[PDB]
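In: sequence, then structure. It's an experimental one.
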Amino acid sequence: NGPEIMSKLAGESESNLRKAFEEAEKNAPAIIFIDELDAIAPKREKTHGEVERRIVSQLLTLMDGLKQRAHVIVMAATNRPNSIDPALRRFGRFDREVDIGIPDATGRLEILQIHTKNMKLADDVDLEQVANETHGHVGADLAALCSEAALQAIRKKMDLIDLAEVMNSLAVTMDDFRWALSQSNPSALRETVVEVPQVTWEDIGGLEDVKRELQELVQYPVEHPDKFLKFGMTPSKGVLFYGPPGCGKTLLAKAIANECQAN
Amino acid sequence: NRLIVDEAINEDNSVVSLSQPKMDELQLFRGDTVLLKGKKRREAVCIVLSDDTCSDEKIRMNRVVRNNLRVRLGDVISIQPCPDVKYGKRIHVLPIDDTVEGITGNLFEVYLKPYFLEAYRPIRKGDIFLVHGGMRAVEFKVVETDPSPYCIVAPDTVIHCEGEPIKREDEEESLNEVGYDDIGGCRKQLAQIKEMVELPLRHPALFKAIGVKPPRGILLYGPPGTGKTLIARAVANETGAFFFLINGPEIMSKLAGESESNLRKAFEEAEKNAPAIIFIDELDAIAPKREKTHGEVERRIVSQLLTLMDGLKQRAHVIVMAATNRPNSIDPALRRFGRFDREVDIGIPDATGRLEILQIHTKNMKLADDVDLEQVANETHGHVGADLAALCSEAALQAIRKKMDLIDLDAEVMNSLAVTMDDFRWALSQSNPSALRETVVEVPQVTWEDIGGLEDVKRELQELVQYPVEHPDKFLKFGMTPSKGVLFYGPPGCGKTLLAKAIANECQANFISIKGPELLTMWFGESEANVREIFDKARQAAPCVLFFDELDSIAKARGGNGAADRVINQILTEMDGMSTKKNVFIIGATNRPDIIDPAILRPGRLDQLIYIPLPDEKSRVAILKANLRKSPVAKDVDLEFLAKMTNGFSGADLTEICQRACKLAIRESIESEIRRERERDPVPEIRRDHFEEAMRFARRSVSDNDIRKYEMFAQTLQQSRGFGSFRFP
Ligand SMILES: Nc1ncnc2c1ncn2[C@@H]1O[C@H](COP(=O)(O)OP(=O)(O)O)[C@@H](O)[C@H]1O
Ligand SMILES: Nc1ncnc2c1ncn2[C@@H]1O[C@H](COP(=O)(O)OP(=O)(O)O)[C@@H](O)[C@H]1O
Ligand SMILES: Nc1ncnc2c1ncn2[C@@H]1O[C@H](COP(=O)(O)OP(=O)(O)O)[C@@H](O)[C@H]1O
């Protein structure tokens, strides 16, 4: 972990950072993970001090110290891309960039079966409409929700003599789940959702010509790439929507991305 | 000694072919001790005069000195007599590639002794040659150095057996072969690099004809992510100087006191070695701008580095190179003209740079005979060499993803790889352009007949910008300096961009284009130094055409909420400060001409206000020929009737007509495909019904009263003509 290196004194920051890198000299199939590297390598002008620059410089030096010798893999935990300074994440040197985002309703559902496959539910909850709601919720908060549900399963039992009467058969209800949700709070709120929503296109009727150019626009740049390249012109970059302020909040573009299985 | 080479015959260095009439022409000494030279400063000694299999004037060398000292077969082989060397005592027991493939045993009796005919290895103590008994593919690096120079050894004395295997990475780790061809098309500035390093290139003799060397110190300027390690290593193994690269964070990692260690020691050994070229990788970490710097150890480190720069004795042509992301990122004290004065710009690669950047990385593969690589090149607009390297990497990764997990290594996909055009196009979609939002310094493609216009109107521009570049004596005999800038105006001027691009096409000069929102970004960001940096890099991008699109964007922005502004005053500052030479030319586009600046019509700045009218029926044939190019429109189309129907449309409107006809054609083609699939040859020919229905999507975007406004502006262009044409003598 990065704060292990940060917690040591000056001069000992070289210790427990290179030491894993010659420990990876022993093991040819190996990976190297640094947790919370935003505290390790933030913006250089943001830091007030010199030891942070020492740690950043020695990490950049030991990045290419194993130049395809042991073929080790470096992965890291970044809260934001702009937290990392652009000098460290330049191309060719620690630059492969994928993301995680937030899980969808099916992802929250699978998180719920993962966290409930060990415990014993009271097999009466639906456990699907619950995951369909809780928008902007981390799965860690879903684990906390399950923990609060088990805490309510303890709590509805009175002060007994500490024997497995309720402990052997944990009883959870949907109202218990809702009240544990009520005594909770989201932390993934006010973030841009990247998941595709569904309205399944039947809810909008009429405007069939508008449906015809909407199926013209986005349905087949990747569905018909070579057929669109018969003429050679580019697809239309932008479309502007105008009209009365009525039935115009959302979900039309969500539907027209939902036939394309697009985010 | 400069002569052509023969092809390979055998696979042993202990037998070498011979050309005896060419040795009759030349002077070469006996047998085992003959020097051959060439690339990477590598002197090598082996046998000649032994086989005589081939003909005259071409001689076979061994394959391990075919790949070393040259690039491939058909090169220029050179010979040199290097006789009267001493006798060594049992060079290497230690091989370096394939010890574990087999048994060790006595570690030198096993492979050297069945494979020699009294050729006692006069090779460099550290050089390679494949030698084994049965499998015959074991290299070596020599650790036994009983003779110092290139010497044969005595027959069969005794040594130790400390040979241990290492992975075969040392030759491309320390003596990695790079040449002029090994950088993907940087010959705009690679020629400048070769000009700058030619006086360091083993030449003290012209130093008295040069006075001081113009390379006191060279700065490489390039985008973050283009890489400069192999670019700085190009002069290594082509000059033979001691490279000794040191990284910036490598210096910053060690503590103070030790920070001066291996920093001034590098320069101290740089006077110890007579050929020396020094390179600093990412000196911006060492030397930023001083306002971003903090503390005392960083200032002391940059002070030590600057005393190393000023402590140059100007001896033995010791040159320092550096890796700059931006010239403004480094400290401005280093740009003084006593050291680190000469700046050379790598820049971003163009479409042809993307074209011949790719064969170097795709040497070690096999195409599926379908990629022409022109359809890989210009679709990656705003990419860089790291983008193409990662593109090839994850294209091969996608090809491996197509392969199922059925591996015996078998050798059905890895030996013969099938990265298709679909694989490269899927790779090209999943890209990450680090060179996005970087202005291109390159020559575009319009080539003068995309739009017709009036050719004499463009011909005064042809006289204005092309002929001062072509003829330096154009205005020297009888005249003075021509116009620095010409701005066009009137309608939405996409065709003005085409004219500026074709003007850049004729001169093969650079085309830097600045957009209206690009200037509004500096207008609302309150950072006026960006325009100065743009003009400063345009000075080094000479010759170039500076295009500003929508100069009245600031006028339209201030109309929503004084005509002079902060960004146009910096424009007037640089362009009044622009020299009377260097052929930097300005092209302006403006929708509303009279409202932007009363001071822009003053002479000294610019005087030409060449207006172009709305495109008419003569240029509609040219725009429809542009429709004919790159698009399979069929015959029986009445372009004269189309130009009859375009009463007042624009060129952008007629390209929109092309787009609506494209939309009709592609939607009816996929509808024909859908009913063909529903029934249980895409017909690319396009008929008159496409244009007949696309004509219903045609409205004059330009205002009809605005043409009256344009001729009211041209009433100012209407002069004070009248009587007075009296006499020409
Ligand atoms: N189904 C739709 N989805 C998204 N935007 C729409 C839809 N229908 C109309 N619009 C656009 O939205 C605008 C009006 O939105 P409005 O009705 O004010 O939003 P709300 O429904 O939140 O009141 C119109 O200009 C129209 O072009
Ligand atoms: N202009 C170029 N020509 C050839 N290769 C390039 C170019 N730019 C980048 N590369 C490739 O990018 C990779 C990493 O670049 P880096 O090692 O940072 O410096 P350099 O670009 O000088 O090699 C190298 O493998 C190199 O081949
Ligand atoms: N004479 C012409 N007038 C206008 N557009 C033309 C002409 N000839 C070709 N074109 C094409 O029309 C396109 C216009 O698109 P563009 O100007 O990029 O849109 P925008 O102004 O919104 O950026 C250009 O890509 C160009 O290739």
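Out: Cool, got the structure. Numbering: from 1, shown residues only, chains lettered A, B, ... in the order given. Ligands and ions are numbered 1, 2, ... in the order given.

In: nearest to ligand 1: which residue in the stretch 101-250 of chain A?
Out: residue A:248 (2.4 Å; CB to the nearest ligand atom). All C-beta spots, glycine's among them, are computed from the backbone N, C-alpha and C.

In: doesn't that residue fall inside a helix?
Out: No: Residue A:248 sits outside any helix when classified using DSSP: H, G, I helix; E, B strand; the rest coil, being coil.

In: could you pull up phi and psi at it?
Out: The phi and psi values for residue A:248, taken as degrees, to the nearest 10, are phi -130, psi 30.

In: three-state assignment of the closest residue to it other than its chain neighbours?
Out: The spatially closest residue to residue A:248, leaving aside those adjacent along the chain, is residue A:241, at 7.9 Å (CB to CB, 6 or more residues apart in numbering or on different chains). Here residue A:241 is recorded as coil under three-state DSSP.

In: what about residue A:241, neighbour count?
Out: 8 (other CB atoms under 10 Å in any protein chain shown).

In: beta partners for residue A:34?
Out: residue A:76 (DSSP bridges).

In: mind listing what it touches?
Out: A:1, A:2, A:40, A:74, A:75, A:76, A:77 (CB atoms under 8 Å, 6 or more residues apart in numbering or on different chains).

In: show me the two of the residues you listed that sit farthest apart.
Out: A:1 and A:74 (14.5 Å; CB to CB).

In: can you name the residues in contact with stretch A:231-246?
Out: By CB under 8 Å, 6+ apart, stretch A:231-246 touches A:217, A:221, A:228, A:248, B:630-632, B:658-659, B:662, B:665-666, B:684.

In: if you set the cut-off to 10 Å instead, what comes out?
Out: A:210, A:213-214, A:216-218, A:220-222, A:225, A:228, A:248, A:252-253, B:627, B:629-633, B:655, B:658-659, B:661-663, B:665-666, B:669, B:684, B:686 (CB atoms under 10 Å, 6 or more residues apart in numbering or on different chains).

In: could you do stretch A:65-77 as well?
Out: Outside stretch A:65-77, the residues touching it (CB under 10 Å, 6+ apart) are A:1-2, A:18, A:20-22, A:24-38, A:40-41, A:58-59, A:62-63, A:84, A:88-89, A:94, A:96, A:98, B:167, B:169, B:173, B:250.

In: swap in stretch A:19-27?
Out: Outside stretch A:19-27, the residues that touch it by CB under 10 Å, 6+ apart are A:5, A:30-34, A:59, A:62-63, A:65-66, A:69-74.

In: quick check: buried residues in that stretch?
Out: A:21, A:24 (16 or more other CB atoms under 10 Å in any protein chain shown).

In: now the top helix by length along chain A: buried residues?
Out: Assignment by DSSP state H gives helix A:139-156 as the longest helix of chain A. Residues A:139, A:141, A:142, A:144, A:145, A:146, A:148, A:149, A:150, A:152, A:153 are the ones in helix A:139-156 that count as buried (16+ other CB under 10 Å).

In: in contact with the second one, which residues are there?
Out: Meaning residue A:141. Residue A:141 neighbours (CB under 10 Å, 6+ apart): A:108, A:111, A:134, A:148, A:181, A:184, A:185, A:186, A:187, A:188.

In: how close does it get to ligand 2?
Out: Plainly put, residue A:141 is 42 Å away from ligand 2 if you go by CB to the nearest ligand atom, to the nearest Å.

In: quick revisit: between the contacts of residue A:34, which has the most around it?
Out: For those, the largest number of neighbours (other CB under 10 Å) sits with residue A:40, at 22 neighbours.

In: quick one: contacts for that one?
Out: By CB under 10 Å, 6+ apart, the residues touching residue A:40 are A:1-3, A:5-6, A:13, A:17, A:34, A:52, A:55-56, A:59, A:76, A:84, A:88.

In: next, it: secondary structure please.
Out: Here residue A:40 is recorded as coil under three-state DSSP.

In: if I look at it, how far off is chain B?
Out: 14 Å (CB to the nearest CB, to the nearest Å).

In: same question, residue A:245
Out: With CB to the nearest CB as the criterion, residue A:245 and chain B are 24 Å apart.
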